[PDB]
Amino acid sequence: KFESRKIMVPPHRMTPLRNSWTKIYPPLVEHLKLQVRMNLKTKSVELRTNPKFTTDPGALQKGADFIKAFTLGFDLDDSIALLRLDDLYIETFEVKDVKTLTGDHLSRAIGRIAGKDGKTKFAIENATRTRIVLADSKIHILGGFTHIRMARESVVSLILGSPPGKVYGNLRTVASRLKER
Amino acid sequence: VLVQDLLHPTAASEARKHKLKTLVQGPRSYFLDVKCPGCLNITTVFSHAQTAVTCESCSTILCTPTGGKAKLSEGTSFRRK
Amino acid sequence: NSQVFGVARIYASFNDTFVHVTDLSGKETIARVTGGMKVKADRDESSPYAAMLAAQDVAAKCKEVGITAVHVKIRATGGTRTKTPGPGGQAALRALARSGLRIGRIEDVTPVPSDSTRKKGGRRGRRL
Amino acid sequence: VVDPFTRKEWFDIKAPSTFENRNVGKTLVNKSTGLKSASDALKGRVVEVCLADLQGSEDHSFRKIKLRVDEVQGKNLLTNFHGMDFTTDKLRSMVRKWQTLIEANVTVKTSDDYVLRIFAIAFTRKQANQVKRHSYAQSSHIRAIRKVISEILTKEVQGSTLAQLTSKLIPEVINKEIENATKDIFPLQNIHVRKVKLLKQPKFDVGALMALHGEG
RNA sequence: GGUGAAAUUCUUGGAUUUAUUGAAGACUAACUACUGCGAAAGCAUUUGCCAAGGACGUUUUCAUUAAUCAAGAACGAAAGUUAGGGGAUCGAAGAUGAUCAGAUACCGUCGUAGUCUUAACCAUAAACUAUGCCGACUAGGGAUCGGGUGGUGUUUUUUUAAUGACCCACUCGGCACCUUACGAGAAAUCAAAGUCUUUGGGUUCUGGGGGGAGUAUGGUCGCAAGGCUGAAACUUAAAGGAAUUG
Ligand SMILES: [Zn+2]
């Protein structure tokens, strides 16, 4: 009864993958105890489970979600926090999901989500205990369901054109009403 | 640079420049004396030819037009004169 | 080796999370449960908790009918909409894989258009 | 109040003999009562199964086959070929920035009066010494490659019926033929035929289907 | 279904969902880039037809035929007008709902014209590079697009000649990019916004403190909406821009 998940890796994420390879597979074979292989020819990562291992198909699901979360550009320790705690999820949506911006408007919306030196982005990074990743045009939010909903509302308000002062005030209000419970 | 002789440029730097942008502009083309194997006739063709020129002796082909120099046909003798 | 295979659609919308289990042919369904059937609050229908409860219920039902392994086809609402599965979909998938069913060939079948028709909101986006 | 799953019975669906593993799974249907037989409620179902479960190897993991159910006798329902598609993940992984996508399709007919629409795909590449970062192609190259691919696909389809076309498409010899033909024009990595689908069918002609089946 | 929460709506004639097939109109994702083309507006599926363009190459031909341009003329996004078609999506107007301190969450559903097209109108956009057009000179560097030249350079013919793809060097014409100040500027910044108090290459258009005012009136174009041209009386000591500091 061997069960396998075979998931691909984009090229720009494969060169950090092996660069962090020694930090990825040991817990997966020690704390979580699967078979993990890197088939470079098909550009994929393979996870296999067998009845010799621990009785946990959820461990295989967690490992698949671990690799799939890391391969989107996330950090390694945040992926570990995904691997241990079982409440964090990933949401993903494009800029054109909210409002069909084009040309320089999409670029300026990306710069509005990020902010100078990431500072604005760091704000939504802090007050919501989430993990925000900006791709070329799609954005990913990692965290609990209410937390990713809060981050989604904040970044949707950023896309539509609201200035960073209003989202700063709203973010401190939501953080105050969040940490009090 | 900034201390040199623009009147007598070196031949390598003179041949590296444009045909028009030379100190005295002149052509970079030449005329080829072509001997096709089918006969002994000699034909003076242009290097940058534009028409499929063909000599009157045995009348098959001499060259094919191309956007730069005309690409020659199969192996014929040609002298650069 | 003689394990009967079905296929499970996981529809992850922003208001509900459908879990559907059918046989290999797409007709002749076996068990369909939504997020609203397990939670009576009118606010937790799209929650991961309701998706987990629905996945547990449909796992019990599909174990009862006879099948024991399903290929998972997950999809969002798609089209001109978000076309990417939400956290209810991952919750239903994890709860299905947790309950001992053999899971293979997980594939996303979300409807992606070749630059189709317009979307609601009108030039200022869906104000959210 | 009625428990409808008790009156239903299971039937065993088996693949055509062209593939390696010709037993593909099970399906269930209601009991054949009056004025609604269990036969005619089954004669048109289309299943979709991955090619690996037909062939065993993991080199055919991205493809999948739609098989139409044609006949039924004694719990055994017999299928034929209806279409082939890639999975979405492989299609998304193939598309990469800083290279040129090429798509082509033709509609054609086999030896018998089948009608097929076939979609082939291709991408460009760099030949291991190219410092230039993208390697796009000019439009004349893309048009010539579309013409070559269309002519190869048409020639390789009308030369046989559907059986030898499936037997030629399983080991993907058409891709190597296209790579042989277009390597004098442009590099063209990652050549695949991304989709085939039936359009029109002739009369049923149960003899040909039972000639394709009937072994083992 | 729907929102922060509700309500309208559809449904035990089975809604939402899953599978097969058909019809309709619109649009061409991902490839998509500080890449291409076009006088600009603008232009992305394949194939065919028709004419058109630029750059390159030319020891072709005419020989000043040229640059800018009141008059006059072609085109000109979206919305809008007039008759026919088509009407899938979205949707001004309108219809209805809950309107709960706050909507930070001023929204929901249906839907008219419209969006699409044919035949005529209109001629405006932050129509922006907020930088007229033609010509000359002044600085380094790395990319990239189209053509051309050179390489007993690399690779695929099925035997290694040809062509294609790549690499290196040069050149012409492009879209651009990073640094700098011999210079310029109020400054942000500029290879032009330089070659300007050491002021003159050629030539069109425009402005002269702010309100009143794009207003009144006249003229003219347009079926209309409106467009083009366009004041004064009076009134005021400001108005404005560029950076630093909180
Ligand atoms: Zn000749």
# chains A, B, ... in the order shown; residues from 1 in each chain; ligands from 1
>>> interface_residues(of="chain D", to="chain C", cutoff="8 Å", atoms="only C-alpha atoms", output="list in words")
residues 5, 25, 26, 27, 28, 29, 45, 46, 47, 48, 87, 88 and 89 of chain D
>>> write_last_selection(atoms="N, CA and C atoms", output="CSV table (one decimal), in the first residue's frame")
chain,number,residue,atom,x,y,z
D,5,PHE,N,-29.7,2.7,-3.4
D,5,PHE,CA,-28.4,2.1,-3.8
D,5,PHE,C,-28.5,0.6,-3.6
D,25,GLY,N,-12.0,-0.3,-14.7
D,25,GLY,CA,-12.7,0.0,-13.4
D,25,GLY,C,-14.1,-0.6,-13.4
D,26,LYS,N,-14.9,0.0,-12.5
D,26,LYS,CA,-16.3,-0.4,-12.3
D,26,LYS,C,-17.2,0.8,-12.3
D,27,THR,N,-18.5,0.6,-12.6
D,27,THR,CA,-19.5,1.6,-12.7
D,27,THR,C,-20.8,1.0,-12.2
D,28,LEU,N,-21.7,1.8,-11.7
D,28,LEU,CA,-23.0,1.2,-11.2
D,28,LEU,C,-24.2,1.8,-12.0
D,29,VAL,N,-25.3,1.1,-12.0
D,29,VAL,CA,-26.4,1.5,-12.8
D,29,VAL,C,-27.7,0.9,-12.1
D,45,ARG,N,-22.0,6.6,-22.0
D,45,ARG,CA,-21.2,7.2,-21.0
D,45,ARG,C,-19.8,7.4,-21.4
D,46,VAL,N,-19.2,8.5,-21.1
D,46,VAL,CA,-17.8,8.8,-21.4
D,46,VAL,C,-17.0,8.8,-20.1
D,47,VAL,N,-16.0,8.0,-20.0
D,47,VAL,CA,-15.1,8.0,-18.8
D,47,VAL,C,-13.8,8.7,-19.2
D,48,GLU,N,-13.1,9.2,-18.2
D,48,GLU,CA,-11.8,9.8,-18.4
D,48,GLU,C,-10.8,9.2,-17.4
D,87,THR,N,-3.3,16.8,-18.8
D,87,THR,CA,-3.8,17.4,-17.6
D,87,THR,C,-3.4,18.9,-17.6
D,88,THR,N,-4.1,19.7,-16.7
D,88,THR,CA,-3.9,21.1,-16.7
D,88,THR,C,-2.5,21.5,-16.2
D,89,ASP,N,-2.0,20.7,-15.2
D,89,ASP,CA,-0.7,21.0,-14.5
D,89,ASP,C,0.4,20.9,-15.5
>>> residues_around(residues="range 25-28 of chain A", least_positions_apart="5", cutoff="12 Å", atoms="only C-alpha atoms (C1' of nucleotides)", output="number ranges by chain")
A: 17-18, 20, 33-38, 45-49, 53-54, 59-67, 76, 79-80, 83-84
>>> write_last_selection(atoms="C-alpha atoms", output="PDB file, in the first residue's frame")
ATOM      1  CA  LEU A  17      15.314  24.376  -3.478  1.00  0.00           C
ATOM      2  CA  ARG A  18      18.548  22.402  -3.727  1.00  0.00           C
ATOM      3  CA  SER A  20      17.992  24.608   0.967  1.00  0.00           C
ATOM      4  CA  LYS A  33       8.958   9.865   8.080  1.00  0.00           C
ATOM      5  CA  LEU A  34       8.209   9.559   4.358  1.00  0.00           C
ATOM      6  CA  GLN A  35      10.190   8.760   1.221  1.00  0.00           C
ATOM      7  CA  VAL A  36      11.232  12.047  -0.409  1.00  0.00           C
ATOM      8  CA  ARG A  37      13.062  12.152  -3.745  1.00  0.00           C
ATOM      9  CA  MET A  38      14.074  14.900  -6.185  1.00  0.00           C
ATOM     10  CA  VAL A  45       9.510  16.194  -6.196  1.00  0.00           C
ATOM     11  CA  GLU A  46       8.171  12.745  -5.300  1.00  0.00           C
ATOM     12  CA  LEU A  47       6.732  11.692  -1.941  1.00  0.00           C
ATOM     13  CA  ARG A  48       5.949   8.028  -1.280  1.00  0.00           C
ATOM     14  CA  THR A  49       4.403   6.395   1.783  1.00  0.00           C
ATOM     15  CA  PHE A  53       6.155   4.116   8.048  1.00  0.00           C
ATOM     16  CA  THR A  54       3.958   5.872  10.605  1.00  0.00           C
ATOM     17  CA  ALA A  59       1.506  13.310   7.199  1.00  0.00           C
ATOM     18  CA  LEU A  60       1.752  12.737   3.436  1.00  0.00           C
ATOM     19  CA  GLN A  61      -0.838  15.462   2.834  1.00  0.00           C
ATOM     20  CA  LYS A  62       1.127  17.813   5.105  1.00  0.00           C
ATOM     21  CA  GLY A  63       4.363  17.062   3.257  1.00  0.00           C
ATOM     22  CA  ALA A  64       2.747  17.672  -0.127  1.00  0.00           C
ATOM     23  CA  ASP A  65       1.352  20.983   1.132  1.00  0.00           C
ATOM     24  CA  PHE A  66       4.808  21.762   2.567  1.00  0.00           C
ATOM     25  CA  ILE A  67       6.581  21.342  -0.776  1.00  0.00           C
ATOM     26  CA  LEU A  76      11.603  27.940   4.747  1.00  0.00           C
ATOM     27  CA  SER A  79       6.851  26.457   5.599  1.00  0.00           C
ATOM     28  CA  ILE A  80       8.022  24.610   8.734  1.00  0.00           C
ATOM     29  CA  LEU A  83       4.281  21.686   8.551  1.00  0.00           C
ATOM     30  CA  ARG A  84       3.850  21.571  12.340  1.00  0.00           C
TER      31      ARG A  84
END
>>> closest_atom_pairs(of="chain E", to="chain B", cutoff="7 Å", atoms="only C-alpha atoms (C1' of nucleotides)", output="tab-separated table")
residue	atom	partner	partner_atom	distance
E:57	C1'	B:68	CA	5.0
E:58	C1'	B:48	CA	6.6
E:59	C1'	B:27	CA	6.5
E:148	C1'	B:68	CA	6.1
E:170	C1'	B:16	CA	5.8
E:171	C1'	B:18	CA	5.7
>>> residues_near_ligand(ligand="ligand 1", cutoff="8 Å", atoms="only C-alpha atoms (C1' of nucleotides) and all ligand atoms", output="list in words")
residues 52, 53, 54, 55, 56, 58, 59, 60, 61, 62 and 63 of chain B
>>> write_last_selection(atoms="C-alpha atoms", output="compact mmCIF listing (two decimals), in the first residue's frame")
# COMPACT_ATOMS: atom_id res chain seq x y z
CA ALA B 52 19.90 36.16 -62.01
CA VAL B 53 22.61 36.88 -64.55
CA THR B 54 23.32 34.17 -67.12
CA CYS B 55 25.99 34.09 -69.81
CA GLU B 56 25.02 33.46 -73.43
CA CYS B 58 25.10 27.27 -72.65
CA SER B 59 22.73 29.67 -70.85
CA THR B 60 21.94 28.05 -67.50
CA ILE B 61 22.88 30.28 -64.49
CA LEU B 62 25.71 32.29 -62.94
CA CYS B 63 24.38 33.66 -59.64
>>> residues_around(residues="range 114-131 of chain E", least_positions_apart="2", cutoff="8 Å", atoms="only C-alpha atoms (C1' of nucleotides)", output="ChimeraX atom specification")
/E:25-26,41,76-77,81-82,84-86,91,193,222,227
>>> residues_around(residues="residue 31 in chain E", least_positions_apart="4", cutoff="8 Å", atoms="only C-alpha atoms (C1' of nucleotides)", output="ChimeraX atom specification")
/D:95-97,99-101
>>> residues_around(residues="residue 85 in chain D", least_positions_apart="5", cutoff="9 Å", atoms="only C-alpha atoms (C1' of nucleotides)", output="JSON, numbers by chain")
{"D": [62, 63, 64, 65, 66, 193, 194, 195, 196, 197]}
>>> write_last_selection(atoms="N, CA and C atoms", output="compact mmCIF listing (two decimals), in the first residue's frame")
# COMPACT_ATOMS: atom_id res chain seq x y z
N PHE D 62 0.98 12.45 -17.55
CA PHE D 62 0.27 13.70 -17.83
C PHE D 62 -0.92 13.51 -18.76
N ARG D 63 -0.88 12.51 -19.63
CA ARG D 63 -1.96 12.30 -20.58
C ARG D 63 -3.17 11.67 -19.89
N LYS D 64 -4.33 11.82 -20.53
CA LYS D 64 -5.52 11.12 -20.08
C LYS D 64 -6.43 10.90 -21.28
N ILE D 65 -7.19 9.82 -21.21
CA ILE D 65 -8.00 9.32 -22.31
C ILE D 65 -9.46 9.38 -21.91
N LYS D 66 -10.28 9.97 -22.77
CA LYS D 66 -11.73 9.84 -22.68
C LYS D 66 -12.15 8.67 -23.56
N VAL D 193 1.69 16.57 -28.97
CA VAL D 193 0.32 16.71 -29.46
C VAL D 193 -0.58 16.80 -28.23
N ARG D 194 -1.07 18.01 -27.97
CA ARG D 194 -1.71 18.26 -26.69
C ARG D 194 -3.14 17.76 -26.62
N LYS D 195 -3.81 17.55 -27.75
CA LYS D 195 -5.20 17.13 -27.65
C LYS D 195 -5.63 16.44 -28.94
N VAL D 196 -6.48 15.43 -28.81
CA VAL D 196 -7.21 14.89 -29.95
C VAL D 196 -8.65 14.71 -29.50
N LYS D 197 -9.59 14.91 -30.43
CA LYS D 197 -10.99 14.69 -30.07
C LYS D 197 -11.80 14.26 -31.28
>>> residues_around(residues="residue 79 in chain B", least_positions_apart="2", cutoff="6 Å", atoms="only C-alpha atoms (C1' of nucleotides)", output="list in words")
residues 32, 33 and 81 of chain B
>>> select_by_dssp(residues="range 51-82 of chain D", states="alpha helix (DSSP H)", output="mmCIF file with N, CA and C atoms, in the first residue's frame")
data_model
loop_
_atom_site.group_PDB
_atom_site.id
_atom_site.type_symbol
_atom_site.label_atom_id
_atom_site.label_comp_id
_atom_site.auth_asym_id
_atom_site.auth_seq_id
_atom_site.Cartn_x
_atom_site.Cartn_y
_atom_site.Cartn_z
ATOM 1 N N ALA D 52 -1.427 6.374 -17.405
ATOM 2 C CA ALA D 52 -0.550 5.520 -16.611
ATOM 3 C C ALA D 52 -1.287 4.291 -16.103
ATOM 4 N N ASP D 53 -2.521 4.472 -15.624
ATOM 5 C CA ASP D 53 -3.357 3.352 -15.209
ATOM 6 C C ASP D 53 -3.692 2.410 -16.356
ATOM 7 N N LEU D 54 -3.534 2.848 -17.602
ATOM 8 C CA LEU D 54 -3.617 1.943 -18.735
ATOM 9 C C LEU D 54 -2.279 1.318 -19.096
ATOM 10 N N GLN D 55 -1.165 2.026 -18.885
ATOM 11 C CA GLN D 55 0.120 1.566 -19.389
ATOM 12 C C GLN D 55 1.142 1.249 -18.307
#
>>> atom_distance(atom1="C1' of residue 238 in chain E", atom2="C1' of residue 213 in chain E")
19.1 Å
>>> closest_atom_pairs(of="chain C", to="chain A", cutoff="12 Å", atoms="only C-alpha atoms", output="JSON lines")
{"residue": "C:1", "atom": "CA", "partner": "A:1", "partner_atom": "CA", "distance": 10.0}
{"residue": "C:3", "atom": "CA", "partner": "A:1", "partner_atom": "CA", "distance": 11.7}
{"residue": "C:12", "atom": "CA", "partner": "A:91", "partner_atom": "CA", "distance": 11.6}
{"residue": "C:14", "atom": "CA", "partner": "A:149", "partner_atom": "CA", "distance": 10.9}
{"residue": "C:44", "atom": "CA", "partner": "A:145", "partner_atom": "CA", "distance": 11.2}
{"residue": "C:46", "atom": "CA", "partner": "A:145", "partner_atom": "CA", "distance": 10.1}
{"residue": "C:47", "atom": "CA", "partner": "A:145", "partner_atom": "CA", "distance": 7.6}
{"residue": "C:48", "atom": "CA", "partner": "A:145", "partner_atom": "CA", "distance": 7.6}
{"residue": "C:49", "atom": "CA", "partner": "A:145", "partner_atom": "CA", "distance": 10.0}
{"residue": "C:69", "atom": "CA", "partner": "A:3", "partner_atom": "CA", "distance": 11.5}
{"residue": "C:76", "atom": "CA", "partner": "A:92", "partner_atom": "CA", "distance": 11.5}
{"residue": "C:78", "atom": "CA", "partner": "A:97", "partner_atom": "CA", "distance": 10.5}
{"residue": "C:79", "atom": "CA", "partner": "A:97", "partner_atom": "CA", "distance": 10.6}
{"residue": "C:80", "atom": "CA", "partner": "A:97", "partner_atom": "CA", "distance": 7.9}
{"residue": "C:81", "atom": "CA", "partner": "A:97", "partner_atom": "CA", "distance": 6.6}
{"residue": "C:82", "atom": "CA", "partner": "A:97", "partner_atom": "CA", "distance": 5.9}
{"residue": "C:83", "atom": "CA", "partner": "A:93", "partner_atom": "CA", "distance": 8.2}
{"residue": "C:84", "atom": "CA", "partner": "A:92", "partner_atom": "CA", "distance": 6.7}
{"residue": "C:85", "atom": "CA", "partner": "A:91", "partner_atom": "CA", "distance": 7.9}
{"residue": "C:86", "atom": "CA", "partner": "A:91", "partner_atom": "CA", "distance": 5.9}
{"residue": "C:87", "atom": "CA", "partner": "A:89", "partner_atom": "CA", "distance": 5.9}
{"residue": "C:88", "atom": "CA", "partner": "A:89", "partner_atom": "CA", "distance": 9.1}
{"residue": "C:89", "atom": "CA", "partner": "A:89", "partner_atom": "CA", "distance": 10.1}
{"residue": "C:90", "atom": "CA", "partner": "A:89", "partner_atom": "CA", "distance": 7.6}
{"residue": "C:91", "atom": "CA", "partner": "A:89", "partner_atom": "CA", "distance": 8.4}
{"residue": "C:92", "atom": "CA", "partner": "A:61", "partner_atom": "CA", "distance": 11.8}
{"residue": "C:93", "atom": "CA", "partner": "A:61", "partner_atom": "CA", "distance": 8.8}
{"residue": "C:94", "atom": "CA", "partner": "A:61", "partner_atom": "CA", "distance": 6.5}
{"residue": "C:95", "atom": "CA", "partner": "A:58", "partner_atom": "CA", "distance": 8.3}
{"residue": "C:96", "atom": "CA", "partner": "A:58", "partner_atom": "CA", "distance": 9.4}
{"residue": "C:97", "atom": "CA", "partner": "A:57", "partner_atom": "CA", "distance": 6.5}
{"residue": "C:98", "atom": "CA", "partner": "A:58", "partner_atom": "CA", "distance": 5.1}
{"residue": "C:99", "atom": "CA", "partner": "A:57", "partner_atom": "CA", "distance": 8.3}
{"residue": "C:100", "atom": "CA", "partner": "A:57", "partner_atom": "CA", "distance": 7.2}
{"residue": "C:101", "atom": "CA", "partner": "A:57", "partner_atom": "CA", "distance": 9.0}
{"residue": "C:102", "atom": "CA", "partner": "A:3", "partner_atom": "CA", "distance": 7.6}
{"residue": "C:103", "atom": "CA", "partner": "A:3", "partner_atom": "CA", "distance": 7.6}
{"residue": "C:104", "atom": "CA", "partner": "A:3", "partner_atom": "CA", "distance": 7.4}
{"residue": "C:105", "atom": "CA", "partner": "A:5", "partner_atom": "CA", "distance": 8.1}
{"residue": "C:106", "atom": "CA", "partner": "A:5", "partner_atom": "CA", "distance": 8.5}
{"residue": "C:107", "atom": "CA", "partner": "A:7", "partner_atom": "CA", "distance": 10.8}
{"residue": "C:115", "atom": "CA", "partner": "A:96", "partner_atom": "CA", "distance": 11.9}
{"residue": "C:118", "atom": "CA", "partner": "A:100", "partner_atom": "CA", "distance": 9.9}
{"residue": "C:119", "atom": "CA", "partner": "A:97", "partner_atom": "CA", "distance": 9.3}
{"residue": "C:120", "atom": "CA", "partner": "A:99", "partner_atom": "CA", "distance": 9.8}
{"residue": "C:121", "atom": "CA", "partner": "A:99", "partner_atom": "CA", "distance": 8.3}
{"residue": "C:122", "atom": "CA", "partner": "A:99", "partner_atom": "CA", "distance": 8.7}
{"residue": "C:123", "atom": "CA", "partner": "A:99", "partner_atom": "CA", "distance": 6.9}
{"residue": "C:124", "atom": "CA", "partner": "A:99", "partner_atom": "CA", "distance": 6.4}
{"residue": "C:125", "atom": "CA", "partner": "A:99", "partner_atom": "CA", "distance": 4.4}
{"residue": "C:126", "atom": "CA", "partner": "A:98", "partner_atom": "CA", "distance": 6.2}
{"residue": "C:127", "atom": "CA", "partner": "A:160", "partner_atom": "CA", "distance": 7.8}
{"residue": "C:128", "atom": "CA", "partner": "A:153", "partner_atom": "CA", "distance": 6.5}
